[PDB]
Amino acid sequence: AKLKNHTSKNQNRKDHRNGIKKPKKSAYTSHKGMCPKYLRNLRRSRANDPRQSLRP
Amino acid sequence: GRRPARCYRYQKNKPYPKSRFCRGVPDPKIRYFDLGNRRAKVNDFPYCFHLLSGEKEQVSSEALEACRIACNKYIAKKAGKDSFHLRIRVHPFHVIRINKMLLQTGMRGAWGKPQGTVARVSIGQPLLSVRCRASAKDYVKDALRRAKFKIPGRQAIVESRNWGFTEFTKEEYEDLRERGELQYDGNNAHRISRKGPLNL
Amino acid sequence: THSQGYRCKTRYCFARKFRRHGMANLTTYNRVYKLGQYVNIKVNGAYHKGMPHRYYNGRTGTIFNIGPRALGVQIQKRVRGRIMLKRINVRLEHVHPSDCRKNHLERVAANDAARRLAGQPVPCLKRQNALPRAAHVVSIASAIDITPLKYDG
RNA sequence: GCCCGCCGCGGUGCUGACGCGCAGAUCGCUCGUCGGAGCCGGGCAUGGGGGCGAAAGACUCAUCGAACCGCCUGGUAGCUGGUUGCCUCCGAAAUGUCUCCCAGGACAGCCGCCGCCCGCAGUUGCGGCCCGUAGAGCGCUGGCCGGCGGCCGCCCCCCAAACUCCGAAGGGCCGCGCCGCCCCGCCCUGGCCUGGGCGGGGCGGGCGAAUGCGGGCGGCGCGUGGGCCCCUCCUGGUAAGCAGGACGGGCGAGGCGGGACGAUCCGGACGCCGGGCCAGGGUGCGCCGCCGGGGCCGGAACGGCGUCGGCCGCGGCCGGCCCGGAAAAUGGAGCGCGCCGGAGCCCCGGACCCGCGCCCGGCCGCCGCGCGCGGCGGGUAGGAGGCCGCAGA
RNA sequence: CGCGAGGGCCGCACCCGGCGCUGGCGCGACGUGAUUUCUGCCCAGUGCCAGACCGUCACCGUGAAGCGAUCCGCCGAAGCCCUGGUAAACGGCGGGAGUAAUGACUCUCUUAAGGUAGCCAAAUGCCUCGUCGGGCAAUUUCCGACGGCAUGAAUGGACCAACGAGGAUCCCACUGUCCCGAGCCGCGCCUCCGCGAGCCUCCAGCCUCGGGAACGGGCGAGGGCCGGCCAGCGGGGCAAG
RNA sequence: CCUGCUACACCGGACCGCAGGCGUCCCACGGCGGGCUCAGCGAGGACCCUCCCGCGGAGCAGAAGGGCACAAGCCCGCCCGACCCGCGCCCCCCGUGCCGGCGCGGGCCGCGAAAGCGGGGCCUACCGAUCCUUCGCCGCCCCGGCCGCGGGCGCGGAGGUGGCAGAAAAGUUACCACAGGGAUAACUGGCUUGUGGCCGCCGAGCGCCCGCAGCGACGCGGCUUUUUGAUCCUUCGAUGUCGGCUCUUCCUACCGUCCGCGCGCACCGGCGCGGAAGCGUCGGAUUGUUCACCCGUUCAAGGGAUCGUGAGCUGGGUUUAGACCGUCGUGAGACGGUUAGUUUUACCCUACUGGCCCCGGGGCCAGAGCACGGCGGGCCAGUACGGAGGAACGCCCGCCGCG
RNA sequence: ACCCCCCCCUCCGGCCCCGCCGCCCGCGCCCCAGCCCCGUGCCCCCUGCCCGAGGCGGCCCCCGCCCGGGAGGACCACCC
RNA sequence: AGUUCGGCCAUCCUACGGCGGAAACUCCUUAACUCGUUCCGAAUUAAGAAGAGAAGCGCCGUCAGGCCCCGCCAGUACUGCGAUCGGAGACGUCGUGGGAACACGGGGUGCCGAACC
RNA sequence: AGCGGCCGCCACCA
Ligand SMILES: [K+]
Ligand SMILES: [K+]
Ligand SMILES: [K+]
Ligand SMILES: [K+]
Ligand SMILES: [K+]
Ligand SMILES: [K+]
Ligand SMILES: [K+]
Ligand SMILES: [K+]
Ligand SMILES: [K+]
Ligand SMILES: [K+]
Ligand SMILES: [K+]
Ligand SMILES: [K+]
Ligand SMILES: [K+]
Ligand SMILES: [K+]
Ligand SMILES: [K+]
Ligand SMILES: [K+]
Ligand SMILES: [K+]
Ligand SMILES: [K+]
Ligand SMILES: [K+]
Ligand SMILES: [K+]
Ligand SMILES: [K+]
Ligand SMILES: [K+]
Ligand SMILES: [K+]
Ligand SMILES: [K+]
Ligand SMILES: [K+]
Ligand SMILES: [K+]
Ligand SMILES: [K+]
Ligand SMILES: [K+]
Ligand SMILES: [K+]
Ligand SMILES: [K+]
Ligand SMILES: [K+]
Ligand SMILES: [K+]
Ligand SMILES: [K+]
Ligand SMILES: [K+]
Ligand SMILES: [K+]
Ligand SMILES: [K+]
Ligand SMILES: [K+]
Ligand SMILES: [K+]
Ligand SMILES: [K+]
Ligand SMILES: [K+]
Ligand SMILES: [K+]
Ligand SMILES: [K+]
Ligand SMILES: [K+]
Ligand SMILES: [K+]
Ligand SMILES: [K+]
Ligand SMILES: [K+]
Ligand SMILES: [K+]
Ligand SMILES: [K+]
Ligand SMILES: [K+]
Ligand SMILES: [K+]
Ligand SMILES: [K+]
Ligand SMILES: [K+]
Ligand SMILES: [K+]
Ligand SMILES: [K+]
Ligand SMILES: [K+]
Ligand SMILES: [K+]
Ligand SMILES: [K+]
Ligand SMILES: [K+]
Ligand SMILES: [K+]
Ligand SMILES: [K+]
Ligand SMILES: [K+]
Ligand SMILES: [K+]
Ligand SMILES: [K+]
Ligand SMILES: [Mg+2]
Ligand SMILES: [Mg+2]
Ligand SMILES: [Mg+2]
Ligand SMILES: [Mg+2]
Ligand SMILES: [Mg+2]
Ligand SMILES: [Mg+2]
Ligand SMILES: [Mg+2]
Ligand SMILES: [Mg+2]
Ligand SMILES: [Mg+2]
Ligand SMILES: [Mg+2]
Ligand SMILES: [Mg+2]
Ligand SMILES: [Mg+2]
Ligand SMILES: [Mg+2]
Ligand SMILES: [Mg+2]
Ligand SMILES: [Mg+2]
Ligand SMILES: [Mg+2]
Ligand SMILES: [Mg+2]
Ligand SMILES: [Mg+2]
Ligand SMILES: [Mg+2]
Ligand SMILES: [Mg+2]
Ligand SMILES: [Mg+2]
Ligand SMILES: [Mg+2]
Ligand SMILES: [Mg+2]
Ligand SMILES: [Mg+2]
Ligand SMILES: [Mg+2]
Ligand SMILES: [Mg+2]
Ligand SMILES: [Mg+2]
Ligand SMILES: [Mg+2]
Ligand SMILES: [Mg+2]
Ligand SMILES: [Mg+2]
Ligand SMILES: [Mg+2]
Ligand SMILES: [Mg+2]
Ligand SMILES: [Mg+2]
Ligand SMILES: [Mg+2]
Ligand SMILES: [Mg+2]
Ligand SMILES: [Mg+2]
């Protein structure tokens with residue numbers, strides 16, 4: 001026997017029932033994928049700033 | 001050898017012409033579209049008549065051939081072979097398919113083979129046109145009546161204000177010829193150039 | 001569909017505009033881009049390296065990375081009930097600086113300017129959605145008289 | 001191992017009787033054979049994947065294409081049947097991907113419950129970018145009827161889901177509060193006294209569309225993974241109450257009134273009552289409710305000196321309502337009876353009839369609350385809380 | 001077709017058994033199916049068999065190397081391979097073109113061989129109710145001829161007197177098979193005294209149309225109808241099993 | 001897996017939908033630099049050469065779409081970025097894997113004066129887990145020690161699963177099965193009406209003449225559900241599945257009989273149309289046949305009712321188990337012909353046919369039932385009509401079927 | 001007009017008349033025309049709410065079997 | 001006004017006629033050296049100053065082709081939302097929003113920025 | 001993959 005192949009009939013209503021979620025606020029500032037040569041210089045600069053440095 | 005014409009009356013499919021994708025199409029029945037006396041000049045035949053379509057449908061090429069022979073033969077009796085020029089306006093460009101019963105598979109793989117051609121016409125579109133002189137003006141609507149009984153649906157017979165198969169009205173055309181400003185082709189009339197290099 | 005390769009369904013969107021074939025003009029490489037800037041994605045079909053997928057044509061995003069040859073852009077993309085923040089790397093021929101906040105910077109500059117001027121009372125600086133028209137007089141010394149026309153066929 | 005024929009041994013035809021029998025295979029008549037590879041009694045031999053068979057897969061105690069008896073064994077089943085008290089609060093899916101998958105599952109979605117923590121939107125407006133569809137067209141890739149002028153040039157009828165120089169409606173993505181101005185600190189990039197990033201100070205400021213409204217995060221788990229119909233838009237097919245797709249809605253899982261009659265159409269979505277108002281449809285009698293006014297009197301091509309009304313000049317074209325074209329099998333259905341300057345069709349105006357649907361009042365329960373009172377209540381599969389009843393310590 | 005007994009075929013867990021109290025006029029394994037007349041061609045494929053040791057093909061044994069495990073060589077039984085035999089083994093047994101309306105004839109491609117003697121629209125012929133003839137007023141049946149979807153030689157071919165509760169066609173005689181039914185006998189049925197069960201059952205039991213899971217007893221609308229029983233009957237209860 | 005279209009201008013979107021492609025090919029057909037310009041038209045030149053103009057009309061391995069001119073095409077020079085070590089993202093998507101791509105940090109190189117470019121062949125396809133085996137680094141372990149062989153392990157490739165998220169796998173059952181399924185065929189019914197069947201409209205023609213007495217091509221418009229298909233809604237804890245026999249009722253799309261008109265109607269006999277469903281439509285030879293085909297007669301329409309009718313019959317056919325033949329199959333077996341093969345139960349309810357539940361004599365009538373068709377003969381009359389032939393109204397006398 | 005309806009013909013709830021021999025109930029009559037409509041376009045409007053003869057129209061009641069023969073017949077019934 | 005380097009890439013292009021040059025750019029002259037031509041100093045590389053406005057280049061012209069703007073085409077084609085509107089249907093209508101293209105007629109025919117003469 | 005001379009015979013865990 002044959003059954004149905006495909007439909008999207010009820011799927012936009014299921015997509016809306018819990019609201020359309022939004023991504024976490026901290027995903028907008030993740031360092032993942034930035035230049036390493038920029039992320040190296042970023043750490044170096046702060047370690048030598050007494051207002052920012054966190055060395056003991 | 002044919003299904004009754006009700007099986008392909010309405011425009012249900014997208015147009016399907018003969019191309020490099022559609023092959024094996026049989027030849028249509030109608031092959032002449034300009035009859036009567038087509039080489040007569042523009043100034044000879046000032047009267048024009050039409051047969052306007054009243055439906056959005058499809059006309060077969062078997063029916064187009066029947067209506068061409070009916071109209072043409074009637075005028076070539078009452079008025080002679082050279083008093084009129086009859087043009088068939090619509091051309092059969094659409095292919096209709098048939099899924100042939102005879103082992104027999106029914107609706108599995110049901111895409112059909114070419115079987116014929118039909119012309120796709122719309123509301124108020126001309127199907128036949130006639131231009132004639134005064135000696136035939138009486139008998140053109142009798143020949144258009146003959147053709148109407150070969151065509152499915154409701155059709156309307158009308159007389160135009162234009163001059164023959166030209167684009168000006170008789171009064172407009174008369175005056176333009178009256179002052180000079182109108183061009184002449186072979187059987188068609190145009191306006192003064194008024195553009196481009198002056199003479200040479 | 002039955003066939004879903006990377007550049008499927010691209011017959012018109014990746015084609016060039018009429019009489020706009022050939023190399024890109026050199027402003028494509030002399031613009032300065034900065035972290036946090038807004039950009040539009042438009043695929044140039046003659047440049048095949050760092051060419052984003054067709055989903056991203058006609059979206060607006062924000063720069064997160066400035067690389068030697070390519071830029072990193074963040075796009076919000078809806079997937080089946082949630083939004084996802086996607087990150088892509090795209091070469092310069094497919095990016096243009098965006099004016100989505102151009103109108104907002106003109107207004108912020110104009111309100112502080114018109115405050116400095118004070119017109120001794122401060123003007124109303126909120127945007128106003130078009131109000132119904134006020135009362136006024138109009139002359140009818142010369143008035144035209146029309147009517148429906150008859151059917152001509 | 002001849003022929004007719006009795007007992008005996010067998011079992012042909014009536015497709016006879018019987019078929020809740022005399023009987024879990026019998027009875028009547030008819031019929032094969034009857035000195036022989038003939039028939040009958042007792043004793044003895046062969047045992048289950050084995051025996052025995054002039055061979056039919058026949059027979060082996062009513063059991064045979066593998067006997068019977070007890071145990072392994074309450075064998076396994078994605079498959080059929082059944083699955084036991086009440087009230088309250090919430091409430092689905094019939095879809096994506098993989099699967100020796102296609103009558104089954106796992107992961108995702110949808111829902112419940114338990115929580116924990118501190119601006120928001122299935123909307124319009126304003127601003128910036130994106131698309132190649134309807135239409136239009138023949139320049140491009142193709143297709144196509146003819147006419148003029150000297151292969152070539154000008155006209156010209158007609159075209160495309162896999163043609164497009166043009167191009168909507170319609171959609172889509174982003175933005176709409178913190179800005180300016182001078183300084184100072186730290187470290188890959190530059191010819192440099194350059195940049196870029198992350199921070200500190202001193203200063204002036206300042207809440208910069210509409211409308212509504214409190215928001216975010218996690219844990220554990222169930223049911224579902226055969227759908228179908230309507231409206232618009234499509235594909236195959238002569239077509240289909242056929243088969244396959246799309247936005248939104250419905251039935252499923254939605255009571256009530258109306259559509260004579262129907263899961264889905266027109267209204268309206270539901271605690272228990274009393275009063276009022278009235279949606280959809282209607283208002284001769286069945287059967288709750290009507291009067292006034294102006295007109296007229298299932299189905300195709302194609303016909304009509306039926307009637308009333310128009311347009312263009314006796315003629316030619318039309319419109320409304322009707323007549324012909326109009327043939328099926330039990331007796332029968334504009335719901336019935338019946339009506340016909342209506343109790344019929346189109347339009348205008350004033351009423352009337354009734355769905356707890358809306359409004360007002362009382363009571364119940366739930367969820368909230370300036371503790372004064374306020375808003376709400378349907379439900380299959382499924383989930384949670386508070387309890388009624390039974391036997392015993 | 002196999003076997004001369006130290007054998008052959010079979011049984012059987014083992015020991016031990018059957019044919020066998022037997023010996024080729026015997027025992028065992030298969031096919032065909034009295035008589036009469038016959039039994040053609042093909043050993044390429046598959047199967048079987050005997051004669052040769054070519055290649056391949058075990059362990060054992062043996063040589064060389066190694067600290068040893070081990071590695072590499074040589075040796076090489078049966079079988080296969082190779083050489084032959086065998087169809088009353090299994091099976092198989094033809095195309096195109098012209099040539100006196102036919103084709104003795106010829107050229108041609110081809111197989112291991114190209115179906116011989118015979119028989120036939122057969123219990124085997126698709127086309128097909130084949131064609132012609134016999135028989136009938138009239139015959140898709142029958143018989144006789146003619147010649148192959150896919151006839152044919154112990155897959156046994158053809159013919160056959162006698163025989164058959166075997167399958168067919170025709171004729172005489174005979175008749176209630178029939179035109180077309182009628183009358184009669186006994187026993188059941190039926191009524192009564194005595195005796196006295198099974199099956200089945202949501203609830204019920206009159207119709208027509210509509211709608212509806214597209215053929216309703218119930219639902220919408222119409223038309224009928226006191227209630228209670230018997231002898232019969234087979235339309236319905238989509239009757240029961 | 002891939003391109004274009006279906007697809008209705010974000011993305012996404014089905015079919016055994018349409019037109020097609022892929023399992024390869026190339027040490028150059030690759031990288032880089034420089035130079036150059038292609039296809040061709042036109043016009044020239046002894047029996048390839050030159051100029052001019054040239055938006056690509058060429059070429060770029062192979063489908064399709066897109067891209068490209070001092071180049072991405074062609075020619076020349078030098079080369080091997082068709083490398084090594086370590087990460088991230090895109091497409092598909094559950095935001096898992098796989099193929100494919102892109103962006104980077106660090107080594108080592110090629111070409112170029114240099115800026116630069118280069119991880120193959122312009123872009124969209126060209127491919128593969130666990131376990132095992134094999135090879136290559138740099139090391140670690142063999143658990144009472146140490147040395148030499150050997151074995152194992154951490155990282156990366158290769159040997160393959162095309163049914164491609166990846167079992168190791170031939171048939172037959174007509175001797176038969178089990179669990180289920182109307183999620184799914186064979187038979188009624190339903191929707192549909194291509195095909196079948198029936199009916200109109202137009203008027204090229206035929207008909208001596210004369211389109212319409214009778215006909216009617218080419219075309220066009222409908223109806224029916226008595227053919228056959230298409231579909232899969234109802235039924236698989238079962239609706240007895242062909243015909244014939246018997247019996248009843250219904251439809252009209254009317255064949256004979258009845259009543260009117262028309263004719264290419266003299267009579268006779270034919271033909272066409274409207275109204276009309278009362279009566280009639282039969283006996284036989286061969287076939288299971290429905291159908292068909294012949295012979296005969298008072299000359300002989302078509303259909304429906306669960307393809308009306310099996311607790312009404314019959315059982316010839318089809319349709320279990322025995323058996324034979326031909327073709328096919330290694331075989332068990334399969335399919336065109338052939339022969340033998342059990343037809344079960346009513347006493348219930350309704351329907352129907354009659355009969356009953358005691359009530360004088362004679363009558364009337366509401367409702368319901370229903371029944372006289374057809375074929376001849378004599379006279380008219382060998383007459384009307386027109387030679388051959390050859391009628392009729394009416395009356396009277398018979399026959400057949402039915403009652 | 002072989003069609004359709006009625007007669008004839010078959011069945012027939014109910015009813016009527018006649019034989020033998022009481023009850024109750026009600027109280028209201030022009031006709032005919034509609035393009036002569038003959039002078040219209042009214043009356044009734046109390047069924048108890050205070051109505052209750054005679055005539056004229058209604059209503060109720062009223063009639064055995066067993067037994068034996070048959071031309072009748074399953075049993076019954078039917079005719080004698 | 002000119003040259004070198006650019007931005008936007010035709011209102012700048014193409015064709016045919018013209019008009020100009022003090023400076024500038026160009027054409028032009030040469031084969032010792034440098035380097036070069038599937039052959040060729042054509043190109044290109046080197047070295048120069050006799051001659052030019054004939055070209056290129058700048059400017060002007062043309063009922064010029066193209067390109068660019070505006071108006072018309074036209075509230076037409078088509079279309080979102082709503083309708084117990086009409087029609088056997090095919091299709092059309094009304095309410096409330098959005099709104100083309102072809103054709104046709106008129107106008108136009110590069111400007112901006114750094115350094116030098 | 002193994003011997004021999006495209007032929008033979010023999011081998012078989014992703
Ligand atoms: K017509
Ligand atoms: K996605
Ligand atoms: K006997
Ligand atoms: K009997
Ligand atoms: K017996
Ligand atoms: K004897
Ligand atoms: K035994
Ligand atoms: K056994
Ligand atoms: K057993
Ligand atoms: K047991
Ligand atoms: K046991
Ligand atoms: K199972
Ligand atoms: K099972
Ligand atoms: K059960
Ligand atoms: K399987
Ligand atoms: K599945
Ligand atoms: K399953
Ligand atoms: K589940
Ligand atoms: K074209
Ligand atoms: K079809
Ligand atoms: K609902
Ligand atoms: K009229
Ligand atoms: K009705
Ligand atoms: K033999
Ligand atoms: K024998
Ligand atoms: K013989
Ligand atoms: K052989
Ligand atoms: K041999
Ligand atoms: K052999
Ligand atoms: K022969
Ligand atoms: K014969
Ligand atoms: K043979
Ligand atoms: K004999
Ligand atoms: K016998
Ligand atoms: K015998
Ligand atoms: K016998
Ligand atoms: K009798
Ligand atoms: K129905
Ligand atoms: K029904
Ligand atoms: K029922
Ligand atoms: K039934
Ligand atoms: K996902
Ligand atoms: K890929
Ligand atoms: K790298
Ligand atoms: K592996
Ligand atoms: K490995
Ligand atoms: K079962
Ligand atoms: K099933
Ligand atoms: K089902
Ligand atoms: K179903
Ligand atoms: K139909
Ligand atoms: K079915
Ligand atoms: K069915
Ligand atoms: K069934
Ligand atoms: K049933
Ligand atoms: K008749
Ligand atoms: K028998
Ligand atoms: K008679
Ligand atoms: K008779
Ligand atoms: K009689
Ligand atoms: K009658
Ligand atoms: K009579
Ligand atoms: K010059
Ligand atoms: Mg959500
Ligand atoms: Mg279609
Ligand atoms: Mg004997
Ligand atoms: Mg005997
Ligand atoms: Mg019997
Ligand atoms: Mg068991
Ligand atoms: Mg069990
Ligand atoms: Mg709720
Ligand atoms: Mg599903
Ligand atoms: Mg698998
Ligand atoms: Mg698998
Ligand atoms: Mg359906
Ligand atoms: Mg359900
Ligand atoms: Mg109702
Ligand atoms: Mg009433
Ligand atoms: Mg509730
Ligand atoms: Mg035999
Ligand atoms: Mg032989
Ligand atoms: Mg044989
Ligand atoms: Mg008799
Ligand atoms: Mg029932
Ligand atoms: Mg009812
Ligand atoms: Mg019955
Ligand atoms: Mg690449
Ligand atoms: Mg798979
Ligand atoms: Mg058997
Ligand atoms: Mg079904
Ligand atoms: Mg039909
Ligand atoms: Mg089904
Ligand atoms: Mg049954
Ligand atoms: Mg039955
Ligand atoms: Mg039947
Ligand atoms: Mg029956
Ligand atoms: Mg039966
Ligand atoms: Mg059998
Ligand atoms: Mg009567």
Side-chain angles (χ1 to χ4, degrees), chain A residues 1 3-8 10-11 14 16-17 32-33 35-38 40-42 44-46 48-49 51-52, chain B residues 3 5-7 10 14-17 19 21 33-34 38-39 55-57 62-63 65-67 69 73 87 89-91 93 99 101 106-112 146 149-152 186-188 190 194-198, chain C residues 1 3-8 10-15 18 25 27 35 38 40 42 45-46 48-50 52-53 55 57-60 67 70 79-81 84 87-89 98-104 107-108 111-112 115 125-129:
Chain A
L3 297 171
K4 197 164 170 63
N5 300 283
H6 169 66
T7 181
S8 57
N10 193 40
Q11 305 309 310
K14 282 162 78 204
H16 273 277
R17 246 186 281 179
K32 208 186 187 194
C35 184
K37 206 157 154 278
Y38 175 74
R40 290 162 201 167
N41 199 68
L42 183 51
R44 253 87 107 165
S45 95
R46 292 175 155 171
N48 310 272
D49 197 337
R51 207 71 139 91
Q52 303 191 243
Chain B
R3 282 172 161 165
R6 62 177 169 258
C7 288
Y10 297 112
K14 289 179 182 96
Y16 182 57
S19 73
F21 309 104
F33 302 78
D34 275 334
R38 52 190 188 193
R39 300 192 303 127
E55 316 238 345
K56 179 206 191 63
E57 52 166 26
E62 288 87 350
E65 180 72 329
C67 82
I69 300 183
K73 180 170 301 307
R87 168 173 288 159
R89 292 291 285 275
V90 294
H91 295 66
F93 286 145
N99 169 34
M101 291 303 118
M107 295 320 294
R108 161 181 280 171
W111 164 265
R146 302 272 161 119
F149 285 90
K150 305 297 173 43
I151 303 295
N187 65 345
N188 207 34
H190 294 281
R194 226 55 99 222
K195 255 165 39 177
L198 202 101
Chain C
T1 295
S3 173
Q4 211 161 351
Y6 202 88
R7 278 187 49 172
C8 64
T10 47
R11 179 170 173 171
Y12 298 114
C13 56
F14 282 18
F18 189 56
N25 65 12
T27 315
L35 289 186
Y38 283 86
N40 311 307
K42 310 191 233 170
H48 301 144
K49 268 157 164 41
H53 190 263
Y55 175 89
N57 189 73
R59 315 279 175 182
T60 303
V79 173
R80 203 78 177 65
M84 296 184 126
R87 287 188 172 182
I88 56 175
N89 302 301
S98 170
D99 290 356
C100 60
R101 317 184 87 237
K102 175 186 184 185
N103 178 79
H104 179 69
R107 286 188 64 252
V108 156
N111 300 349
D112 305 46
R115 261 189 167 81
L125 290 170
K126 271 199 285 290
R127 272 176 300 177
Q128 192 60 30
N129 296 316

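Just the heavy atoms: all of them, side chains too, but no hydrogens, waters or symmetry mates, feed the values below. Note on naming: letters A, B, ... go to the chains in the order of the sequence lines (proteins, then strands), and numbering restarts at 1 for each one.
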Walk along nucleotides 92-103 of chain F from 5' to 3' and tag each nucleotide B, S or - by protein heavy-atom contact under 4.0 Å, base first, then sugar-phosphate. S--B----B-SS

Rounded interatomic separation in angstrom, taking CG from A/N5 and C1' from D/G244: 8 Å

Watson-Crick or G-U pair, E/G235 and E/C82, both under 3.5 Å: no

Counting only side-chain N and O atoms of B/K150, is one of them less than 4.0 Å from OP1 or OP2 of F/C218? no

Atom-to-atom span, CG of C/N40 to P of D/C131 - whole angstrom: 11 Å

B/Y16 has an atom OH; how far is it from atom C1' of D/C159, in whole Å? 16 Å

Nearest-angstrom distance from the residue atom CZ of B/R89 to P of D/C158: 5 Å

Secondary structure of RNA chain G per the Watson-Crick/G-U criterion (both distances under 3.5 Å; [ ] crossing, | other strand, . unpaired) is ........|||..|||||(..(.(((.............................))).)..)....((.........))

Going by the sign of the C1'-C2'-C3'-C4' torsion, is the sugar of H/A55 north or south? north

Between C1' of D/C186 and CZ of A/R46, the distance in whole Å: 11 Å

If a pair means Watson-Crick or G-U wobble with both distances below 3.5 Å, are F/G160 and F/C212 one? no

Mapping A/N48 and B/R3 onto RNA chain D by nearest heavy atom, which one lands closer to the 5' end? A/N48

Watson-Crick or G-U wobble pair, D/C29 with D/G227, both distances under 3.5 Å: no

Any chance you could measure B/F33, atom CZ, to B/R38, atom CZ, to the nearest 0.5 Å? 12.0 Å

Readout for nucleotides 210-217 of chain D: B = base within 4.0 Å of protein heavy atom, S = sugar-phosphate only, - = neither; 5' to 3' it is S-------

Would you say the base of F/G66 and the side-chain of C/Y12 have a donor-acceptor pair closer than 3.5 Å? no

